[PDB]
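In what follows, a single structure is set out as structure tokens and then discussed.
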Amino acid sequence: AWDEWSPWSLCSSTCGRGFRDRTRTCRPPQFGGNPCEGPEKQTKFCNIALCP
Ligand SMILES: *[C@@H]1O[C@@H](C)[C@@H](O)[C@@H](O[C@@H]2O[C@H](CO)[C@@H](O)[C@H](O)[C@H]2O)[C@@H]1O
Ligand SMILES: *[C@H]1O[C@H](CO)[C@@H](O)[C@H](O)[C@@H]1O
Ligand SMILES: *[C@H]1O[C@H](CO)[C@@H](O)[C@H](O)[C@@H]1O
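Position in the sequence shown (from 1) plus 2 gives the number in the entry's author numbering.
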């Protein structure tokens with residue numbers, strides 16, 4: 003089982019296309035659990051302003 007996501011980062015670009023990301027680690031293993039392979043990162047597109 004997965005632990006909670008971290009907050010999203012800010013957009014890596016202050017204008018134009020960039021990335022934002024967040025990460026999570028595994029919860030401690032339990033008897034019978036499906037093994038979790040950690041850490042995991044989620045990345046998405048962002049664009050916060052048009053560049054000059
Ligand atoms: C963040 O604020 C924006 C309003 C711009 O001033 C950014 O500077 C511009 O950033 C782009 C993308 O990294 C570069 O291509 C330009 O060289 C730069 O003027 C600022 O980082
Ligand atoms: C991260 O993603 C969402 C919150 O944005 C929820 O499913 C849960 O908090 C998860 O850790
Ligand atoms: C990232 O995205 C939103 C805020 O933009 C929230 O669900 C939370 O802050 C998450 O980390």
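From the three backbone atoms N, C-alpha and C, an ideal C-beta is built for every residue, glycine too.
In whole angstroms, give me the CA-to-CA distance for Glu42 and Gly20.
20 Å
Could you name the residues that DSSP lists as bridge partners for residue 1?
With the chain covering only 3 through 54, there is no way to say anything about residue 1.
Considering only the alpha carbon of each residue, which of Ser11, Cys17, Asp5, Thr27 lies closest to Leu52?
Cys17
Distance between beta carbons of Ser11 and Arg22, contact taken as under 8 Å:
5 Å
Quick one, which of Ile50, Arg24, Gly35, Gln32 has its alpha-carbon nearest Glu6's?
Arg24
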